[PDB]
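Undergrad:
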Amino acid sequence: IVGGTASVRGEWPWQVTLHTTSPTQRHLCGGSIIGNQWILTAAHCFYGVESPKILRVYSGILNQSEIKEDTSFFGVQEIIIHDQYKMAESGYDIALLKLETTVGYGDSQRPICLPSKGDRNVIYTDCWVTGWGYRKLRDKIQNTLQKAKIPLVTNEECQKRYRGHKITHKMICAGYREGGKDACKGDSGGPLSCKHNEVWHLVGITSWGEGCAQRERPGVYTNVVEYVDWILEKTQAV
Ligand SMILES: COC(=O)Nc1ccc(NC(=O)[C@@H]2c3ccccc3CCN2C(=O)/C=C/c2c(-n3cnnn3)ccc(Cl)c2F)cc1
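Under the authors' numbering, the residues of the sequence shown are numbered 16 to 36, 36A to 36B, 37 to 58, 58A to 58B, 59 to 65, 65A to 65B, 66 to 143, 145 to 168, 168A, 169 to 184, 184A to 184B, 185 to 245, in order.
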């Protein structure tokens, strides 16, 4: 996160840190708890990931220093990547992780609500991007979970900012015209959470952008409301 501040413990209880153990253990991507065995993240996180056996999901973490060999995590049973996904810049940048065990809900770890189909017309005024990513393009994974409040940008304005790309309605952009506050390397897959009628909704999945927090280069997120039926298909299968 560029231009962010340290979060408080339990502020984003749906935020997870997805680690890979190959070749050594390290933070790979952010993610969100959406169900007791379901993590919603970005499909691009799994480039070259051959098996779910190298993945570890950590919930209820404020600081990366909380994670040692003895720290409990959730194993990943299945990686489900959207069938139409090719690359982040083309859309469909969405994946589900089916966990090997159930997440026990509490004040440190709980699910974020998916946006409603009726909430497609609603205007979100209080949106936040969170993660352990870089603070500048050449930086490092941060110890403490950072947060930044960012305004949502219309599809029309976002398309003006990205000539040469096709910004579809399955994408949602966010950022200040002048830049300064945005997601950066290591934040991808994490949430873009918006508070509406005192309830937090998973509005976007941190996906891509040209650089980090650049003037007139908003962050591009998977527009979660457009994938609600896909999420239900995968998580509510008979
Ligand atoms: C040695 O340890 C490390 O350096 N760890 C470390 C650990 C993890 C990442 N993740 C990434 O780079 C991941 C990642 C993960 C898997 C496969 C590929 C990629 C590439 C994209 N990506 C981002 O985080 C997305 C950046 C991003 C962004 N940036 C543009 N350029 N940089 N940021 C601007 C706006 C928005 Cl919305 C973004 F979402 C990097 C370094």
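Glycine included, every Cβ here is placed at the ideal spot set by N, Cα and C.
Beta carbon of residue 33, beta carbon of residue 142: below 8 Å?
TA: Reading the sequence shown from its first residue, position 18 is the one you call residue 33. Reading the sequence shown from its first residue, position 133 is the one you call residue 142. Not closer than 8 Å, so no.
Undergrad: Where do the N-terminal and C-terminal ends of the beta strand (DSSP E) with residue 107 fall, by residue?
TA: Reading the sequence shown from its first residue, position 98 is the one you call residue 107. Residues 104-108.
Undergrad: What are the boundary residues of the alpha helix (DSSP H) that includes residue 137?
TA: To locate residue 137, count along the sequence shown from 1; it is residue 128. Counting along the chain, residue 137 falls outside any alpha helix (DSSP H), though it belongs to the beta strand (DSSP E) covering 136-140.
Undergrad: Under 8 Å by Cβ, that's how I've got residue 160 and residue 189 pegged, so tell me the actual separation to the nearest angstrom.
TA: Here residue 160 refers to the residue found at position 150 of the sequence shown. Here residue 189 refers to the residue found at position 182 of the sequence shown. The Cβ separation is near 7 Å, so the contact holds.
Undergrad: State the CB to CB distance for the pair residue 102 and residue 214, rounded to an integer number of angstroms; the pair is presumed to be in contact (CB under 8 Å).
TA: Numbered from 1 along the sequence shown, position 93 holds the residue referred to as residue 102. Numbered from 1 along the sequence shown, position 207 holds the residue referred to as residue 214. Sure, about 5 Å apart at Cβ, within 8 Å.
Undergrad: At which residues does the beta strand (DSSP E) containing residue 65B begin and terminate?
TA: Counted from its first residue, the sequence shown places residue 65B at position 56. Run containing residue 65B: 65A-68, per the beta strand (DSSP E) assignment.
Undergrad: Indicate whether residue 19 and residue 187 have their beta-carbon atoms separated by less than 8 Å.
TA: The residue labelled residue 19 in the question sits at position 4 within the sequence shown. The residue labelled residue 187 in the question sits at position 180 within the sequence shown. Contact: no.
Undergrad: Closest to residue 83 by C-alpha separation, out of 44, 165 and 98, would be which residue?
TA: Translated into the one-based positions of the sequence shown, residue 83 becomes position 74. With distances taken between Cα atoms, residue 83 lies closest to 44.
Undergrad: Out of 148, 219 and 154, point me to the one whose CA is closest to residue 183's CA.
TA: Numbered from 1 along the sequence shown, position 174 holds the residue referred to as residue 183. It is 219 whose Cα lies nearest to the Cα of residue 183.
Undergrad: What number of angstroms, rounded off, separates the C-alpha of residue 236 from the C-alpha of residue 242?
TA: By one-based count along the sequence shown, residue 236 stands at place 229. By one-based count along the sequence shown, residue 242 stands at place 235. Roughly 10 Å separates the two Cα atoms.
Undergrad: Can you have a look at residue 93 and say buried or exposed, based on whether 16 or more other CB atoms are within 10 angstroms of its CB?
TA: Position 84 of the sequence shown, counting from 1, holds the residue named residue 93. Looking at its Cβ environment, which holds fewer than 16 other Cβ atoms inside 10 Å, residue 93 is exposed.
Undergrad: On the DSSP bridge assignment, give the partners of residue 89 in chain order.
TA: What you label residue 89 is simply residue 80 of the sequence shown in a count that begins at 1. Its beta-bridge partners are 105.
Undergrad: On the DSSP letters alone, give me the boundaries of the beta strand (DSSP E) that residue 145 sits inside.
TA: As a first step, residue 145 must be located in the sequence shown, where it is residue number 135. It is not in any beta strand (DSSP E) - residue 145 carries neither H nor E in the DSSP assignment.
Undergrad: On the DSSP letters alone, give me the boundaries of the alpha helix (DSSP H) that residue 237 sits inside.
TA: For the purposes of this step, residue 237 is taken as the residue at position 230 of the sequence shown. Per DSSP, residue 237 belongs to the alpha helix (DSSP H) from 235-242.
Undergrad: If contacts are defined as beta-carbon pairs under 8 Å, then residue 86 and residue 40 qualify, I think. What distance do you get, rounded to the angstrom?
TA: Your numbering for residue 86 matches position 77 in the sequence shown. Your numbering for residue 40 matches position 27 in the sequence shown. With 8 Å as the limit, residue 86 and residue 40 do not qualify as a contact, their Cβ atoms being about 21 Å apart.
Undergrad: Express the C-alpha separation of residue 21 and residue 158 in angstroms, rounding to a whole number.
TA: Your numbering for residue 158 matches position 148 in the sequence shown. Your numbering for residue 21 matches position 6 in the sequence shown. So the two alpha carbons sit approximately 9 Å from each other.
Undergrad: Is residue 189 near ligand 1, in the sense that its beta carbon is under 7 Å from a heavy atom of that ligand?
TA: Taking the first residue of the sequence shown as position 1, residue 189 is located at position 182. True, at least one ligand heavy atom lies under 7 Å from that Cβ.
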